[PDB]
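**Q** Sequence, then the experimental structure. Questions to follow.
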Amino acid sequence: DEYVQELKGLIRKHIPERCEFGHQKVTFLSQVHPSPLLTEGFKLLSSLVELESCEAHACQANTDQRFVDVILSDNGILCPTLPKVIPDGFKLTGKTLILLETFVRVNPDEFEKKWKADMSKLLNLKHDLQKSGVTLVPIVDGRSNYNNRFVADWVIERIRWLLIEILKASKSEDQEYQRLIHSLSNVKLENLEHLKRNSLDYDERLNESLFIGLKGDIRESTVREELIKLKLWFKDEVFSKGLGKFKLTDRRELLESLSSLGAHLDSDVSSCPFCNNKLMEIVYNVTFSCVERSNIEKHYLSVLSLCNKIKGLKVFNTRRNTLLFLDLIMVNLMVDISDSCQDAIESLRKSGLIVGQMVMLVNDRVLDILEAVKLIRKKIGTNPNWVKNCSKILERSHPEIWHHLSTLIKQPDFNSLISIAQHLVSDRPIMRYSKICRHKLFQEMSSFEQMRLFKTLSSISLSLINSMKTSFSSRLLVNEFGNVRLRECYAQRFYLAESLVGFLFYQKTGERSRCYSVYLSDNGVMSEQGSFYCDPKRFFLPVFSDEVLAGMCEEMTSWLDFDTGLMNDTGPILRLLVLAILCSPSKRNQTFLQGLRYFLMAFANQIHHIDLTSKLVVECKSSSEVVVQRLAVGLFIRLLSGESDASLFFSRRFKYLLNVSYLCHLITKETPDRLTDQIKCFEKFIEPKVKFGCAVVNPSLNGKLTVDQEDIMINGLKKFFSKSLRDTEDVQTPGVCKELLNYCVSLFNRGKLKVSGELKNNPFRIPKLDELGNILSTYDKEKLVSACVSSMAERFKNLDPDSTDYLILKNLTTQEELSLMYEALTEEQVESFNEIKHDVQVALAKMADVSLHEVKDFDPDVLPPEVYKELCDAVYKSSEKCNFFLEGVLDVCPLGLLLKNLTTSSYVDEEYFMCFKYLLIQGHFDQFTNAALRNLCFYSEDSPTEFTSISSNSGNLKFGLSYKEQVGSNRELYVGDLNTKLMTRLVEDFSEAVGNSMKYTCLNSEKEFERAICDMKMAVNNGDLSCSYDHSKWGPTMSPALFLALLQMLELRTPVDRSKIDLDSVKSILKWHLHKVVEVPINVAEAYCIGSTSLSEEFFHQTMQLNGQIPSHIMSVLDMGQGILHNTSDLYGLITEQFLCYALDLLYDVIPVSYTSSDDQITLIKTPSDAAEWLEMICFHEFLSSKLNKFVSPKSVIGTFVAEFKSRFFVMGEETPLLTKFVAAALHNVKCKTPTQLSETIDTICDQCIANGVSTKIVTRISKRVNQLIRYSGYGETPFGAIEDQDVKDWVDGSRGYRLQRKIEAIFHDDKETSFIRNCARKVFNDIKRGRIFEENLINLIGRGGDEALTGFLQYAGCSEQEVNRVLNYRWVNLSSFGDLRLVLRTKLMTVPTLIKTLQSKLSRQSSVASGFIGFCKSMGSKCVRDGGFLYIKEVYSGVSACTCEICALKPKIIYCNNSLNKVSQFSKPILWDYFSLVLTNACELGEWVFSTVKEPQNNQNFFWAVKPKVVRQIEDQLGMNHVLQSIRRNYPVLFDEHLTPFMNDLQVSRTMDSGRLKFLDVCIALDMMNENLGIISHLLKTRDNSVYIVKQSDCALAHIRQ
Amino acid sequence: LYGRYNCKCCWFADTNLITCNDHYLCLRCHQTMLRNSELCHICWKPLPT
Ligand SMILES: [Mn+2]
Ligand SMILES: [Zn+2]
Ligand SMILES: [Zn+2]
Ligand SMILES: [Zn+2]
Ligand SMILES: [Zn+2]
């Protein structure tokens, strides 16, 4: 006994803190026997771990291992026959229970699998413990290491080593020993030969139905003979009879069919766009009402903003009386304004902010004056001292910062208010819910009213976006068919002219869809303009784009200037089409315009599918799609129709019509409804499996199938591989024929195709799944509730203020901090927060301790109000209650009376439903074998030890269903567990390697993509047959069994060994995949259970309770999830397509080459020896492709005039630019967290846009739009800001730094100071190149700041005190000086220089745009700018002095002089220093030509050409990695050690002076670390990504010459 | 070598075409573009005679 005896000595360094510790140690030490030694040691280690984990949570260790029934029976609690569960730690108090289960798992897979198997087992108990008992909160404490707080964290691994050594020395089964050792190591891919692979007498039939016809050794001549005979049969049996799939074009019939499907004729709708659509009618009204026709306002706005600010502090713990007090303040201010200056209530109110008998108030509310005085008349006589306590509460325990000197404490005189009310009488809105046409005939209006229509659309859309901004926790004072007399509706305002304004009235808040009423006000006479119904978060694109759309439409129209008379008819039609698209956003318009794209594609070519015109029709509803379809089809016919002279310039026509069809990108893609889209996704997912007949229902989820399940699985597998080569009936159902597959494999093996098995580089080198999209899963919610309750219980060592709710904000994302953290939540997030708060409060209340709910869902938290009227709840909650409520609000809220406090606080307010729910909750209306007794403490039983042909002893590859948002139609999405994710990763890497060995596939190889592009361009230029084939239903039709067969028939010969690699692990993983389980969304189950015809709904109701239970898991043969087996699918497609090309070359003596991208492909066919004799070949190719599992979509085309691949259209001579795609991409995706990142994003987008020859007159307008978006948020204009205006075609040979330099140079007119700085920079550059070569000493000068660094550089080159006082005078304001702006933005639930962050990103490896921008504007108005504390931006900008010394007026509010910022001088930096840094860094980057002086120089708008950048680098162009790290370690040691390289293992190369001391990288890397907007080191390590620029000759002649 | 024997303005006329020193022009499109102006508008060169 070497280690056996040493164990008893080494464990002696243990502290018996508890009694059980010693009671177990005395039994362990005093017993020496190998059979009871290992169990005793393992259980002692487990007991130590669990006892530490229990004492960590104020717990009570379970020393009796008794069930929950008896632990409840110890006290007085009835047992409702709960499931028998042994808890690890329990804590019962009052009528609440805390059960905690602890464990330890060292690898993440088993950790997740154990957490998701213990949390569910704990949650399944509360439904039975709550029905007739108390509440419980579950805690699950998982530890990924054996560490604790009782030992010195060094003995535990030693004990582990001794135990594993004693175990491997002597034992006493086969897998119980392989698991124990594996569960005591620290950390440890393919080659899983440790597994067993035991048979189960079911895989026999699998192999008998999967591998019976597969031989893969067929000779070469027999394949030729069979193919010849098959062609001879095809030609005279299925083609000469008329059963093909492709046909010639016959353009005239195409136009006839287009007119039949698009231009409706049997419709009752008129030919006027403004009569049918309501929003267009409102826009027309406002436009043609506006076109053809003072300290009072500022004081009112200031005091109103002050009231809106004091409302945000919620210092009254109530909502009604707060609004009453603010209304009192506002009406007293109005009556104090109306005391004198009689020309104020009619001059600066009617023309300002007032409407008929309605005043503007806090929270963008509009209140009637008579109702205001009537409500102020209340609260008096019954509470006479209401104005006293409110007046003496705004001084003590209050901010005590207010200008309310007399407007507050004044008693409201009602007589004057009645006089004001009788002055202007009622003309209230009407709120219209639920034939003669006079509309000026848009086609013949002037060129000024249409721009006015666009401007009005912009204004109303901005008003809608702002309507989406109103606070959520807001209740009106009084609550409310076809017409509603509005008195207390919310309103937004927008200005249009000098006198008239526009009001937008609504009644609801949030992000939902509402009904708005638009009114005008010219000089106080409030008119009516109309009413409509819309979703606010779909109108963000026109919010400021009224000049971008006009410019793009203008130049798209000028594209057609070859015929003076064609553009004059298409201009107004196109503009009206854009307007109608913008006023009605819907998915149907997108779908129709995409169909138009495919129609044009099929029109240009010569052969097209026979089922095309059935893919273009969309069922139009709401009568607003009809007009847009008529407009689009009329434009198409006007441009395309004609007899002879209809193709004079067809390239321009094709470009115009393609860009017209690409207008579907203007409409957003944001899922108009979530539940409907999930239901539709489930329909589209489960329909083909039910049509095929192989979809099983809920399996065992453990790898055990019953007899009927394997029967149906094998029947489906047989039906898949049972297609013949002659029957023409099955050409649209899934499945493959074995004879052609054998031919394919046998021809692939004998080096006959363009790919071979001669590969190199041998390839063998906590969310829930049924709810994908929810902002808060059940697990996270329960965990948060349990954490909060446990924290509050551990604190009570009662009473509690609302600070507990603050805790719920601390872990999910001091009134100021609470208001900053509460306002960043979205509507449904506020609902979830309310749910969490309610649950925690009821739990704490239980800790302190109508009949239709018992039979139904007994949870009173989800009692719906749609099952009960309003008057009954309103009268029943106000009945007699003696001991339910209590007198007062009781702000301290002691424990034991929390329910009464909540009931009172809910009854005092206006809402009564919460009071009713709390009354229901308060009324009690809810009432020694080492294989079985050893796997409960820490034994990882679920670890993979032996597997079968359907599972791995550790699950069944569970997945989860969801959708992905796209323009035309949504796509599928599968999100799986961690183990299945690992397995998919393994197989995907294997297949990616195998495909990387191949040549023709282009999915993850850009060089082959460029080769394909060159081949396609040369084909279209030479006149070869280009066939663009996009395949339909590639995802939901493929099956893993097909890949299994293909791999079983392959050999994959090694490069230099010729060993015929055995693919056993790959086939095992594929067999595991074939039996995967997909969990259905719970929303779909709820919608189909609660409760138009639907196939999937029919299947759900047929499988609900007829065969088994409600379906929750569906296993089937053919899924091949979209985005799971992408690479294996690409490989299969490549092999089969090379076989098809071989067959075509053999039979029809042509030369084909095909490129594939796993979903669509392009085939370039060169024919010998016009194109009407190639129909038979195309039909035969389609037939053969259908014989495999590669059905062709009717959108595929064959021709010789245009080619498509990956949305990139190549035509004769050139390539179509797709302007509107890029423009609509720039106007969208405004994702802003700081203005700098927004500027950079739009810069990259505009660069990639101008690369495709868009214009230089449309990029300046996007720049101005982004500048105005930054300015509107309250941040103000900055010198850098967004991208520059008045740019030029020099986006070539220019980076972001160069256009920033151009902007700063454009600030100064005569470029004198900039010339001086540039000359000094040239001097420094020439002195650092040679001569007085410098070193790292300049680094010590850069880290200081701006003033000292600039003056040091200036006195280095040469200067005096005059330059010191001159250059350092120009100052700008930097709000991000002492850090970055603090702000909590609209992120998802549950949660230092930037160069370090970029390097960290390099080393390692559903939200709306309108809502995000609203949250950004809302956060940029609070206390954001930091100092020393925080403050406002208007507070900083109000401290500047309006000196105006004729140096601070050359660019107002951008550049100031020094003495103008004496009040606020912490935020003041020189701009010449930034200019110097930018000049020097651009010299480092793209040559020394950036030092010269700009000189100005001394074409039909359609002459395009390609140009290349003319940069010359002086920074050792290669500039790989491991060079910035070395310089960072040299210059910044402390910054290199911390925050950088914790995740790095190759420091040796980066330390051994690996090409150290670069030429210019030494100094041009410290300037990047301090400037927060220079950013060049993150740019040097990146490719150009463009490499060529298409530009028109008109712009290349007006550029600036700088050389 | 020139292009693929097509007018380059209508794509659909291949019969006794005329060259514009870079492509193949049609018999009517040439006359139309000549009646319009002296430039070519498809290759930006002086038109043939
Ligand atoms: Mn395609
Ligand atoms: Zn009309
Ligand atoms: Zn000044
Ligand atoms: Zn022609
Ligand atoms: Zn020409």
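**A** That came through fine. Numbers count the residues shown, from 1 in each chain, chains lettered A, B, ... in the order given. Ligands and ions are numbered 1, 2, ... in the order given.
**Q** Find the centremost residue of chain A, please.
**A** By CA atoms, centre = their mean, chain A has its centre lying nearest to residue A:1406, at 4.0 Å.
**Q** so the residue lying closest to that residue once chain neighbours are set aside, which of the three states?
**A** Of all residues not flanking residue A:1406 in the chain, residue A:773 sits nearest, at 6.7 Å (CB to CB, 6 or more residues apart in numbering or on different chains). All C-beta spots, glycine's among them, are computed from the backbone N, C-alpha and C. Following DSSP: H, G, I helix; E, B strand; the rest coil, we place residue A:773 in the coil state.
**Q** and residue A:10, what does it touch?
**A** For residue A:10, the contacting residues are A:155, A:158-159, A:162, by CB atoms under 8 Å, 6 or more residues apart in numbering or on different chains.
**Q** what distance separates the helix or strand where residue A:300 lies from the centre of its chain?
**A** Assigned by DSSP states H and E, residue A:300 belongs to helix A:295-310. The chain centroid and the centroid of helix A:295-310 are separated by 38 Å under CA atoms, centre = their mean, to the nearest Å.
**Q** what sits up against it?
**A** So helix A:295-310 is contacted by A:326, A:329-330, A:333, A:337, A:341, A:344, A:348, A:352-353, A:360-363, A:399, A:402-403, A:407 (CB under 8 Å, 6+ apart).
**Q** Separate out the buried members of those.
**A** A:326, A:329-330, A:333, A:337, A:344, A:348, A:352-353, A:360-363, A:407 (16 or more other CB atoms under 10 Å in any protein chain shown).
**Q** tell me the secondary structure for residue A:963?
**A** strand.
**Q** so it touches residue A:679, yeah?
**A** No - counting by CB atoms under 8 Å, residue A:963 stays clear of residue A:679, with 10.4 Å between them.
**Q** okay, those two: which has more neighbours?
**A** residue A:963 (22 against 19; other CB atoms under 10 Å in any protein chain shown).
**Q** Tell me which other helices or strands whichever strand or helix holds residue A:638 touches.
**A** Per DSSP H and E, residue A:638 falls inside helix A:625-640. Here helix A:625-640 touches helix A:251-261, helix A:273-276, helix A:567-583, helix A:587-604, helix A:650-661, going by 3 or more CB pairs under 8 Å, 6 or more residues apart in numbering or on different chains; DSSP states H and E.
**Q** Next, the angle from the fourth one to helix A:625-640.
**A** It stands for helix A:587-604. 20 degrees (axes from the mean of the first three to the mean of the last three CA atoms, to 10 degrees).
**Q** ok and helix A:587-604 relative to helix A:567-583, angle-wise?
**A** 140 degrees.
**Q** Quick one: list the elements packing against helix A:587-604.
**A** Partner elements for helix A:587-604 (3+ CB pairs under 8 Å, 6+ apart): helix A:251-261, helix A:625-640, helix A:650-661, strand A:1197-1199, strand A:1202-1204.
**Q** heading toward the C-terminus, what's the first helix or strand past that helix?
**A** strand A:607-609.
**Q** May I see the buried residues of the helix or strand following the helix holding residue A:300?
**A** Moving toward the C-terminus from helix A:295-310, the next helix or strand (DSSP H and E) is helix A:320-337. Neighbour counts over helix A:320-337 (16+ other CB under 10 Å) mark A:321-335, A:337 as buried.
**Q** and if you look at stretch A:1088-1098?
**A** Those would be A:1088, A:1096-1097, for stretch A:1088-1098 by 16+ other CB under 10 Å.
**Q** need the contact list for the closest residue to ligand 5 within the stretch 751-900 of chain A.
**A** Ranked by CB to the ion, the top residue of the stretch 751-900 of chain A for proximity to ligand 5 is residue A:754, at 39.1 Å. By CB under 8 Å, 6+ apart, the residues touching residue A:754 are A:999-1000, A:1138, A:1141.
**Q** any idea how far residue A:349 lies from residue A:364?
**A** From residue A:349 across to residue A:364, the span is 18 Å (CB to CB, to the nearest Å).
**Q** for residue A:397, same thing?
**A** Separation of residue A:397 from residue A:364 (CB to CB): 29 Å.
**Q** got the contact list for the residue nearest to residue A:1406?
**A** Contacts of residue A:773 (CB under 8 Å, 6+ apart): A:674, A:678, A:962, A:1406.
**Q** Residue A:364 too?
**A** Counting by CB under 8 Å, 6+ apart, residue A:364 has contacts A:470, A:490-492.
**Q** between the residues you listed, which is nearest residue A:743?
**A** residue A:470 (68.3 Å; CB to CB).
**Q** That closest one and residue A:489 touch, don't they?
**A** No - Residue A:470 lies out of contact with residue A:489 (CB under 8 Å); the separation is 11.4 Å.
**Q** Pull the contacting residues for the closest residue to ligand 4 within chain B.
**A** For chain B, the residue closest to ligand 4 is residue B:26, as judged by CB to the ion, at 2.3 Å. Applying CB under 8 Å, 6+ apart to residue B:26 gives the contacts B:7, B:9-10, B:13, B:17-18.
**Q** Could you work out the most separated pair of the residues you listed?
**A** Most distant of the contacts of residue B:26, by CB to CB, are B:10 and B:18, 13.6 Å apart.
**Q** which of the contacts of residue A:754 are buried?
**A** For the contacts of residue A:754, buried by 16+ other CB under 10 Å: A:1000, A:1138, A:1141.
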